[PDB]
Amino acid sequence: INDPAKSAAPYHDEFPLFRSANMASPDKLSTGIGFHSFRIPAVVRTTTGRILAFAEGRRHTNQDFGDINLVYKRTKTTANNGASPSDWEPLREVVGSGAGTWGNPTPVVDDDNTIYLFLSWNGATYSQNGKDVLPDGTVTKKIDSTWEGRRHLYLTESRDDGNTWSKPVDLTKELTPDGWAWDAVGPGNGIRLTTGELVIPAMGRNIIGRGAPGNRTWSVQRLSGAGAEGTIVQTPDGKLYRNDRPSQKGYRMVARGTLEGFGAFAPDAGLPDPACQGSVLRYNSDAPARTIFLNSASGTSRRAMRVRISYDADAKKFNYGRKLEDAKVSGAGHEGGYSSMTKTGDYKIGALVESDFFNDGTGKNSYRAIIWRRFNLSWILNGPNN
């Protein structure tokens, strides 16, 4: 019941990291290529201490389809922990080839500091629902099971602390079941287990990496009743824990297991969710061991961002935690949406969170930005609603 972290001085700081086209100093590539919106964050700390932040750079609108590039920023040094805006490099690109969709960043850092980045891809003229109008008036086809029309799974990696990235390699035939149309990996992050394997959450399955770090053999672990957008953590007991976006608004869907198989998914009544992506983080294993969870704690709204701690060996129950709105950002829209968390080298949690200007309401022209937050366990534990 005692957590020494509560006695530490509370710390928080927050600022926009991916600045949409409507903001002052909007984020653009060195090529001059700009983006209406940034969505779908992912963040990892590498073995050097450098922080890598990934996002979908949505070129023309905030929509999930059309020309979308996979963009990123690194901390300028391995030691600055992204503490202030000046600690971050300008926007770079992992991949932006063609006018199709490169997205769903799902990174994991291997033992050798190879940073793997799993990605989803679809063609320029396809969308999840089909019949969507593109900027030039073209009407999309519905994503289907054909090679051209299906969702692909790609893998790129960096061997130089995120400085450069390989041309992404298509692993669809190997790691996506045959006959699938729609697919998703993450988005958010994969993990490295105490036992040495990599686990990457995906739609209806886990991707498992075995063998030599940065030289892994990949395989698929099929799951029953998993969601499209999943998260994975190793709980203090050493078991695996999937915490997935539900198909309908309500609660997070949770299953527990091992590399040999999982039990059933069931709603976690303690974790309301509006059918949106979430994020989970293994903080520490020594007493008191902690798992961190972040989503919108609402059955209806994405604007109820809440970070929580679980002390349970199986992460059975999370505390109330703290509303991110307790440390609100101004000038970057209405915060809430997808999120991603890492530990920093200075004993903080670093979180990326989507934000929405809502200037076009629910419409395609509403600018979307991504906020970077740092806070310590003390900040969470000293929340007024605990």
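A residue's number is simply how far along the shown sequence it sits, counting from 1.
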| item | value |
| --- | --- |
| Which of 119-127 and 184-192 has higher mean CA B factor, as the PDB entry lists it | 119-127 |
| Selected stretch [higher average CA B-factor]: 165-173 or 131-139 | 131-139 |
| Top Cα B factor in the deposited entry, candidates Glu197, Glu260, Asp273, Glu89 | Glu260 |
| Of the residues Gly278, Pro201, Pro288, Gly227, the one carrying the largest Cα B-factor as recorded | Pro288 |
| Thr342 by Cα B-factor - lowest, middle or highest third of the modelled chain | lowest |
| Third of the chain's Cα B-factor distribution that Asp110 belongs to, per the entry | lowest |
| Ranked C-alpha temperature factor of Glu325 among modelled chain residues, by third | highest |
| Chain thirds of CA B-factor: placement of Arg39 | lowest |
| Position of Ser145 among the chain's modelled residues by C-alpha B-factor, lowest, middle or highest third | highest |
